4 protein chains.
Amino acid sequence: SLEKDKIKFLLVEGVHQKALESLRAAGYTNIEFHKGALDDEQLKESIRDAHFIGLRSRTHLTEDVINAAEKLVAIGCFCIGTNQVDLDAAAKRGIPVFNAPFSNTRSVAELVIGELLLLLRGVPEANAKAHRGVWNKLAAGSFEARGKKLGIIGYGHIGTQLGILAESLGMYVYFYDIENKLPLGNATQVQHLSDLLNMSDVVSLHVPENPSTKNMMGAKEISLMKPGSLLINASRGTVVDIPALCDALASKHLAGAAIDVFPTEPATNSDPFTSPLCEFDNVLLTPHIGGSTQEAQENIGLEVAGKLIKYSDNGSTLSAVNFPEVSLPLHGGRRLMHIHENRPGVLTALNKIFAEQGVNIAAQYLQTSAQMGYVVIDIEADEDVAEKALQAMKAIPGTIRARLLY
Amino acid sequence: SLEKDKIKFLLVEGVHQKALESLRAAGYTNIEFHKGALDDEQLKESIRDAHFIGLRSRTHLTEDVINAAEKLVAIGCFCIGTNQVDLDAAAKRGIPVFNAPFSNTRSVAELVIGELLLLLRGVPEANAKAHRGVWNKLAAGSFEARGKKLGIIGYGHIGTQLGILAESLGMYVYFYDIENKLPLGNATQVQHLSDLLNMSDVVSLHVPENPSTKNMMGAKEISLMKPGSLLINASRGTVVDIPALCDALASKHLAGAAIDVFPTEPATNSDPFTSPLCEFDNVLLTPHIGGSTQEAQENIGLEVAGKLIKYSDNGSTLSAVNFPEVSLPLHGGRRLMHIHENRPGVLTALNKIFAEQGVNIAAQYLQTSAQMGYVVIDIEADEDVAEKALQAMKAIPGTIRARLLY
Amino acid sequence: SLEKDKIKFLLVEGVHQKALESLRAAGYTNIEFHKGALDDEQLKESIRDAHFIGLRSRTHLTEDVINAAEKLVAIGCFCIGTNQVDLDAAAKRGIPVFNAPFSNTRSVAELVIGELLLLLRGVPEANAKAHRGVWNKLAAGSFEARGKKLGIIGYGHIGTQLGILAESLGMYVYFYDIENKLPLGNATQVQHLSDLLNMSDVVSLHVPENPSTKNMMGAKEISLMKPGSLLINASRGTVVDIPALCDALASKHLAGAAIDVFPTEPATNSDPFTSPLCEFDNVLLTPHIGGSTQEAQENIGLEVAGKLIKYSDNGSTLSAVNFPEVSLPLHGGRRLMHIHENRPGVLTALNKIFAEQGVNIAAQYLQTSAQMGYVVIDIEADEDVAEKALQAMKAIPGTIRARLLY
Amino acid sequence: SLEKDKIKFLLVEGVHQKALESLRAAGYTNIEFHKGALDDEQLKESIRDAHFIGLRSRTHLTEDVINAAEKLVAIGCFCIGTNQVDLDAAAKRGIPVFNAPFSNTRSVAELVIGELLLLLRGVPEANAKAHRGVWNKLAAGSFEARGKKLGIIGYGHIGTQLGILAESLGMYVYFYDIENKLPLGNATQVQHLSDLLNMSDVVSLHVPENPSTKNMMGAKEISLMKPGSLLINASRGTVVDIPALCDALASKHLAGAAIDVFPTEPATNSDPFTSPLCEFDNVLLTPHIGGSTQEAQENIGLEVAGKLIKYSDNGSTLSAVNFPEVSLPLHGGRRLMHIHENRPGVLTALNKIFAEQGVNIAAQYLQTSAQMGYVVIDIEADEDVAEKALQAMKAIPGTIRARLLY
Ligand SMILES: NC(=O)c1ccc[n+]([C@@H]2O[C@H](COP(=O)([O-])OP(=O)(O)OC[C@H]3O[C@@H](n4cnc5c(N)ncnc54)[C@H](O)[C@@H]3O)[C@@H](O)[C@H]2O)c1
Ligand SMILES: NC(=O)c1ccc[n+]([C@@H]2O[C@H](COP(=O)([O-])OP(=O)(O)OC[C@H]3O[C@@H](n4cnc5c(N)ncnc54)[C@H](O)[C@@H]3O)[C@@H](O)[C@H]2O)c1
Ligand SMILES: NC(=O)c1ccc[n+]([C@@H]2O[C@H](COP(=O)([O-])OP(=O)(O)OC[C@H]3O[C@@H](n4cnc5c(N)ncnc54)[C@H](O)[C@@H]3O)[C@@H](O)[C@H]2O)c1
Ligand SMILES: NC(=O)c1ccc[n+]([C@@H]2O[C@H](COP(=O)([O-])OP(=O)(O)OC[C@H]3O[C@@H](n4cnc5c(N)ncnc54)[C@H](O)[C@@H]3O)[C@@H](O)[C@H]2O)c1
Ligand SMILES: O=C(O)CCC(=O)C(=O)O
Ligand SMILES: O=C(O)CCC(=O)C(=O)O
Ligand SMILES: O=C(O)CCC(=O)C(=O)O
Ligand SMILES: O=C(O)CCC(=O)C(=O)O
């Protein structure tokens, strides 16, 4: 309470107010909040003393920004991406990085729904023509979504939610996934992607970024799609062969697309964007905003404030992006934690401290990653016995950080 | 049917195939079908011997066209509008006009939902920018539709269906209507319009064209809207003060809008479109396509073919736009019908014909409308007797037209 | 009004208070109300001067009763059935009889839901045992209804509503009807009844009484049913061969049933009930209370009172069960009606009156049934002319009743 | 499954076939299956060499049976109850006991829906009467559930779900809970129980068994229920004062009830059931079958089999009922496991074994109960070496059991 006051959180790039509400609720009130991103002078000054930093996608925590922060304990990316942070550099210093990979789910699902509705109707091309003074009223080739088949590639957090939405609108939902998934509602798994692509009126992608998904929608897959169908990518920028898509659009094999993510994207809103897709009025182009709503920001705020509060209070590195994952349930007693290089005899040295000197260990959870190790230990002991054990632990060679949590 | 197969149907402007499937199923297989609209000296040609014509918005049935069409029995507008047809000229020749005023409801409702999804998310602005190479990634001001209030003005065919869909997406639905309607699901009627406009995040208009609705959305009504709300108009082009809309968009009191209908619309797709709204990237402009889908064309085909078929077969003029509405249930025997100027004791003359011939009249329905009268008569007689009766009927002063239906 | 105060409504057997509220709302305050049925004495004294009578099942309006009713204009059966009324006898006096055939829909549907839920779970039997002190706890043969197949025979007013409710509980809904129906929700028409019976976990019958449905669930059909399935009949008493059902229950081919209607039912609640089904604890037996709820009573009260009121106020006989159906839209002016035997010259006499009185007819709707005729006429004429014309009409040979409605 | 075939699963009392499907799918194929329970020598005979046993409520694993079960490794109760197992005899022999704590939420909720539908309609009494040949057709006091107010007491797993079903049926949902909960759908939390009771047409209980809950529905609370209402209890047998309920049934303050759980319940199905409630035909009495369905049995089978497989395969004791909870993520290498008396120095002796052989400990998770500890250890080492290590682990003082899992 007087000791949570010392614990500074630096929050930048205008994370959501529920982050700050979670912090204060947990007794953390020493907060330096900025709506904007910080130039370097300002970042380095504002971070020198910060125990925690929370950022979004534009703050760039390089190797050297990290070095400079002496108090820094953990990093929260209040967003999905973590490229902006040097993860090895943080890990080497016993600094876990957390993010929010799954707090954008509903925002993306609703986007795909709005977009496919308008695409099926030719509304993008008509709006584009209209704003340049061209009237293009017609019914031929425009369609209601009700009764049409949505083909969802990757039936995960978002695919799943999308399918539910689609069915509320009276669409028929099929999915393809590399795993066998349990369908929700009257969703149907399709074993082969070629089949999914043939049958679907709209195909939407909801997959990870990896070898298996890199240009998985190429010319072959695009031509397996139903004539006059529609492709929607708000997953990842590497999943569609964009030139192949341009050819399908130009040949009218597809009637439209909505693309929210691209192979290359502007670093800031000041930076110019270009895609060969720009020439097509029947394509919706959006600036990676599939998850950009206030509702999503809010879910993020809570989730990542939460992750940091829990690391701080009980040492949990569950979900950490660059760190051994450790979490122990809270069963009272005292809790210590120890971050280290995996040198011979660290663990030996640790349990020697307690055991040699009376102390029962109630619980212990160690996890490692290459030459990083992290262990959380619960002990049944006096206050001063714990404080002494801590000092001993800090001296074990290879020790990066040790802390008495409670 | 060796009579029905000589009843020519002229269908123009590529009405939906279901129109024709209906006709044929009903025994009417003599169908001259055109995908386009006809020049003059081929409309005159094709319609000279046509007993029925089905058309859409582009065929102008002027008085001259109508009076040169010798055999013309009825006219179907396979569309909402009837402005393209001279209804008085048709009436004066005993020719009923039918249309489809409510076959487009799911289409208009789905458009609005797609439009409000994207408007709430700033996507129209972003798309426009992106095609110009400007990247505008932000969450500020962007919202999921779930949990938001939709205010519907006009809780009729479309307003109702729209609220149902919105509720499916987890919106909260409210409506203002001048009449008191039973709500569907959890919709709520708002008594005062001021109160509905105050609470709404999105307001959508589904009202008829008249005195009560002309510019009902002026500067005053717009300013009562919640700051940062959205206005959608896919009802009628006279309902919104477009200048005052521009005011509120420029001032940023509204965050966007979607306008599908305008005070003055272009006559063809080759005529140019102007609006002050063309300057706002955050406005969706569409060319009166709210009901322009193939599924709507299907509904229209079925409906208006059904109205023609029924009139042909049984004399029903329900929903006729320019005629007294008569419909008589079927009970066998013969049916005859009489269209006449409204002079008195036409009914007298008629009932006299049958009394003299010893024919019992089983049922008879007369209705009158303006300077005009229409009666359908069920009698119990054979062929010769009914034909002889019919020739007598044709001879009555003020007779416009008469037929033996069965 | 001095008009309506003369117009006595005799209501017996305790129709819903909403009927009284409707009447009084419509200006009709002369009401004699009885909770029970009347003895012969009280019935003849009470109906002598009645313009309308509302009754239910028990009141027998025989030829002789009806002949004593000097003032009687119409009969309303505040129920489905009309056998308690001599309809030809009412017809000969020009007294239309109305009823309420579809006011019970929700109550029947809700009952089938409750019954199938408890049956699938073996509750009728477990409850029966428990009351006699036997504890029978088991999971074997008990099933949740979610994910099960309900087969509906007769997809009309009740079949439809039932399917909607079942789908709300996560059932799959299949139906067999003798005519092609449009499915609601995800319901599915099965063309062959044998297939529906093969697949269904619960079969429920919602068909009319006629040659086609007489013992249509016989031994054959019940053996086609799925093993361990359940049969529900709350349609009509003649539809299931009950001895065959008993055999299927005893052989355990079926796991239970719920019967609300029987080939022979008690006339009154004092009369004993017996069914060979009484032997089975896994059968729900109910005393024809499928439609017997206060909400149903209420719906009936509004419907039938409203039918009476419309006949009185505007002459409509739509849905009359024993009478020519006529109704004309209300377009102001004055309105006369004329009930008659179909004597030669009635109609020509009607005009002659309007000619020599100078009255222009705006609409006229005649319909006949056998030697019974009914015509409603709208005229443009002041009061004293309309009144003169009315007197002339009452004197046409074969006139049964003539009235000026407004 | 070379070495897995030696791992004998004994399943008694007819667990779902889904449990065996899970086992076979995990390579566990040596299964002794029984539909019933086993008598003593028959039990001791089958269990002696079993590595796992799956049972339900009737099989009593006493300290004597447990201590004779030579090869026994874990216990699966395919049910919620665990009192048939001596949890310490197990723990002290190093044997985790697993159960199924909520695999029946839908079954309870559906039961309540079915019950209230019929109670509202007076069907339990009509049915009972009908079977005795008494016919009671009436509409008085019978009600559709639609529009009625359901009052849920205890808005947890089952309460929540029940509210969702009820809303599907057009009911209004209210709940009382000792904590603030987030309502689902249009459910409404009521702060004072007395207000819930006064307003509810049907009251259903879904609370735990503790002192806050014992006879919480007493005379006072029932007297506060709405005159004519229905009480339902499928929660716990201690929660309703049963005599007070009988008073209220007899006085007709309540129109009916449905009771599934009783202060005292028959031990088996051949022991007699006694309740003053048996006199009442408008009470549904069921033998604690709220969660007794095949769907529940199937979920139980999956859950509890899965828990035994996971313990066998990877040593997870998550959700164990008598044991420290440990679960370590799989990351290859070898895994060992150690159960021991909770005393300082054990972990020190373990870690010393690996240090000596020059083997790195990749991860380890120790948790302690009161008297005992359990630790899972991941090492990077070949077969030979891990085996010599296991040998040494077994020899630590206080070791109860140790195993090389992979
Ligand atoms: N555009 C945006 O603003 C935005 C916002 C949020 C998330 N996303 C992205 O959406 C994608 C999906 O998100 P999520 O939360 O649903 O992910 P998820 O992990 O929950 O699901 C991804 C699914 O893809 C399946 N899958 C993996 N490889 C596949 C393959 N080659 N073919 C087919 N299916 C495959 C997986 O089995 C999994 O179910 C991610 O890349 C995520 O970062 C984008
Ligand atoms: N843009 C398109 O392509 C397209 C397509 C189909 C229909 N429409 C138009 O949309 C409108 C609505 O169609 P619909 O079938 O639902 O209409 P509807 O006639 O069924 O309902 C109109 C509703 O407005 C209410 N109302 C009338 N005046 C009002 C007033 N001034 N203020 C508030 N409420 C008022 C009425 O009570 C009624 O409920 C019509 O103008 C129709 O022609 C446009
Ligand atoms: N138990 C009760 O208290 C009670 C109450 C109200 C109604 N009912 C009865 O329930 C039945 C259904 O009522 P409703 O309002 O739904 O009637 P409905 O006419 O609207 O439905 C009957 C349906 O059955 C179909 N059908 C006719 N013959 C068939 C056949 N032989 N095989 C299969 N389908 C056939 C029809 O096409 C129609 O759709 C009626 O008999 C009615 O009197 C009973
Ligand atoms: N009939 C059966 O065969 C059977 C089957 C399953 C469950 N049950 C019983 O159902 C009951 C509820 O099950 P669940 O899984 O929903 O439990 P749950 O713990 O999820 O919910 C209990 C709810 O009760 C509330 N609560 C506790 N004490 C209260 C009090 N005095 N007043 C008001 N609210 C109170 C809690 O806040 C919680 O929200 C349990 O007793 C359970 O064992 C019986
Ligand atoms: O938060 C940002 O600025 C980026 C949006 C986001 O969630 C991400 O993709 O990293
Ligand atoms: O049909 C037309 O061509 C005019 C507008 C329209 O498409 C419709 O009436 O539905
Ligand atoms: O009318 C009755 O008295 C019994 C109920 C009935 O048949 C009905 O609801 O129509
Ligand atoms: O123990 C059993 O056999 C099942 C009992 C059960 O499911 C329950 O008590 O809810």
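Here Swiss-Prot sets the residue numbers for chain D, with the shown residues being 5-410 in order.
Just so you know, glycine gets a Cβ as well, placed from its N, Cα and C.
Binding of NAD(+) is attributed by Swiss-Prot to D:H161, D:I162, D:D181, D:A238, D:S239, D:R240, D:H292, D:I293, D:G294, D:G295, and within the candidate set D:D90, D:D92, D:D264, D:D382 the record adds D:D264 to that site. Cβ neighbour count for D:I293 (NAD(+) binding site) (all protein chains, 10 Å cutoff from its Cβ): 22. Most other Cβ atoms within 10 A: among the recorded positions D:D181, D:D264, D:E269, that distinction falls to D:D264. Neighbour list (D:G295 (NAD(+) binding site), Cβ cut-off 8 Å, at least 6 residues apart, same chain): D:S107, D:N108, D:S111, D:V112. Counting every protein chain shown, the number of other Cβ atoms lying within 10 Å of the Cβ of D:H292 (active site, proton donor) is 16. Sequence-distant neighbours of D:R240 (active site): residues of the same chain at least 6 apart with a C-beta under 8 Å from its C-beta are D:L209, D:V211, D:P212, D:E213, D:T217, D:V265. Secondary structure from DSSP puts D:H161 (NAD(+) binding site) in a helix.
Taking only the Cα positions, the spacing between D:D264 (NAD(+) binding site) and D:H292 (active site, proton donor) is 5 angstrom. Among the recorded positions D:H161, D:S239, D:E269, D:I293, no residue is identified whose Cβ is positioned under 6 Å from ligand 8. Residues D:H161, D:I162, D:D181, D:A238, D:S239, D:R240, D:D264, D:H292, D:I293, D:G294, D:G295, recorded as binding NAD(+), reach a greatest CA to CA spacing of 24 Å. The two recorded residues, D:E269 (active site) and D:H292 (active site, proton donor), show a Cα separation of 8 Å. Helix, strand and coil counts from DSSP across the domain 'ACT' (D:339-410) read 24 helix, 29 strand, 19 coil. D:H161 (NAD(+) binding site) has a Cβ environment of 15 other Cβ atoms inside 10 Å.
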